[PDB]
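For reference, the structure discussed in these notes is given below.
Atoms considered below: every heavy atom in the structure, side chains included; atoms not considered: hydrogens, waters and symmetry mates. For this chain, numbers begin at 1 and follow the sequence in order. Every number for a ligand or one of its atoms is a count from 1 in the order of the listing.
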Amino acid sequence: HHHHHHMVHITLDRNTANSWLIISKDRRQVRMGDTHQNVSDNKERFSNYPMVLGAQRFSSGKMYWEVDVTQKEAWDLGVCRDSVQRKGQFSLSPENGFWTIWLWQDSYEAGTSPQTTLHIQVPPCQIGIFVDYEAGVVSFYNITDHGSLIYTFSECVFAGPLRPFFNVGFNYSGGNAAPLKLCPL
Ligand SMILES: CS(=O)(=O)NCC1CCNCC1
């Protein structure tokens, strides 16, 4: 792809994080802690899942960023509306304000309703995410496989400002402790 020139510097918003997440000093990495991280509760925190938002809000234009997922067994990545539900159980779908893909149990899927199987021959170590606000497009790229296309959501109805979205996943297995990292431009 040729989207690299729309690169934006994303940082994580601590205030939105699930209370078990540990965000690095530079706000560019996040991982699952083994306990509550001793923060107060607030209405912005995702309560049920190990999720966090980027600080940046997008309402126009073209945006691109990259995320490192090396050695993880489970994660979700994409964008979401600023006004998505934070508390309780919910599914990741465009109806609920999410445009995402995930890894789970050795398969990759797009967060449509119902979910869509992805066809990935080279497991990615870094994911590129492209958003075209005006066109209503969110696309995902396999940086490990020369930028090959993973998935395109088109005809998106964003219906609000967008924020970068992250889920580091649970670590019930002991094999999913590795962080999500925002990669340098
Ligand atoms: C390290 S772990 O992924 O196995 N923790 C699960 C907790 C389940 C109860 N709520 C917070 C998280």
Side-chain angles (χ1 to χ4, degrees), residues 10-57 65-118 120 122-129 138 140 142-144 150-151 162-183:
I10 300 308
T11 60
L12 296 174
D13 183 348
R14 302 185 163 286
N15 282 342
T16 69
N18 176 275
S19 61
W20 286 46
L21 296 183
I22 300 171
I23 292 169
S24 61
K25 180 157 56 183
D26 66 4
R27 297 182 313 104
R28 298 277 282 173
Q29 310 191 15
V30 57
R31 67 186 183 88
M32 190 54 168
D34 286 327
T35 194
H36 186 291
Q37 294 304 129
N38 205 28
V39 293
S40 57
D41 191 40
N42 71 52
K43 63 197 198 157
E44 302 178 65
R45 297 200 185 288
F46 287 100
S47 63
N48 287 44
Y49 313 105
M51 291 167 181
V52 60
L53 305 184
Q56 292 70 38
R57 282 45 141 23
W65 63 98
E66 295 182 353
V67 186
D68 194 300
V69 298
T70 300
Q71 65 145 135
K72 292 190 69 53
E73 298 174 347
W75 49 260
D76 318 322
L77 288 174
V79 293
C80 66
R81 300 188 180 136
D82 61 351
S83 60
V84 292
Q85 180 186 343
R86 309 301 169 87
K87 306 305 182 178
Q89 295 167 95
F90 55 86
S91 55
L92 300 176
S93 64
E95 303 101 281
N96 288 341
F98 299 90
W99 299 266
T100 64
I101 68 168
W102 63 76
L103 172 60
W104 169 248
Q105 298 191 166
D106 199 34
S107 77
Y108 300 89
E109 299 175 321
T112 54
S113 184
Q115 70 261 33
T116 300
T117 297
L118 302 173
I120 296 181
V122 175
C125 299
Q126 303 86 34
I127 300 291
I129 302 174
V138 184
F140 297 82
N142 186 341
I143 303 317
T144 308
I150 294 170
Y151 192 79
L162 292 174
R163 297 182 69 177
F165 174 80
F166 308 85
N167 185 356
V168 298
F170 293 103
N171 188 26
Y172 295 109
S173 65
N176 198 37
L180 293 175
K181 309 184 187 173
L182 284 153
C183 307

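Here the side chain of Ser47 pairs a donor or acceptor atom with the backbone of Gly88 at under 3.5 angstrom. Using modelled atom types, no side-chain atom of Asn15 and backbone atom of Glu44 make a donor-acceptor pair closer than 3.5 Å. With hydrogens and angles ignored, the 3.5 Å screen pairs no side-chain donor or acceptor of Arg31 with any backbone N or O of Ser24.
Under the 4.0 Å criterion applied to side-chain N and carboxylate O atoms, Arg28 and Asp68 are not assigned as salt-bridge partners.
Scanning the protein for heavy atoms near atom 11 (C) of ligand 1, the closest one is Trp20 CE2, 3.6 Å. For atom 3 (O) of ligand 1, the closest non-hydrogen atom on the protein side is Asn171 N, 2.7 Å. The single protein non-hydrogen atom nearest to atom 6 (C) of ligand 1 is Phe170 CD2, 4.0 Å, given as residue, atom name and distance.
Not a single protein heavy atom sits closer than 4.0 Å to atom 9 (C) of ligand 1.
Against a heavy-atom cut-off of under 4.0 Å, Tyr172 is close to the following atoms of ligand 1: 3 (O), 4 (O).
Annotation: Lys43, atom NZ; neighbour count of heavy atoms from other residues, nucleotides and ligands within 6.0 Å does not exceed 12.
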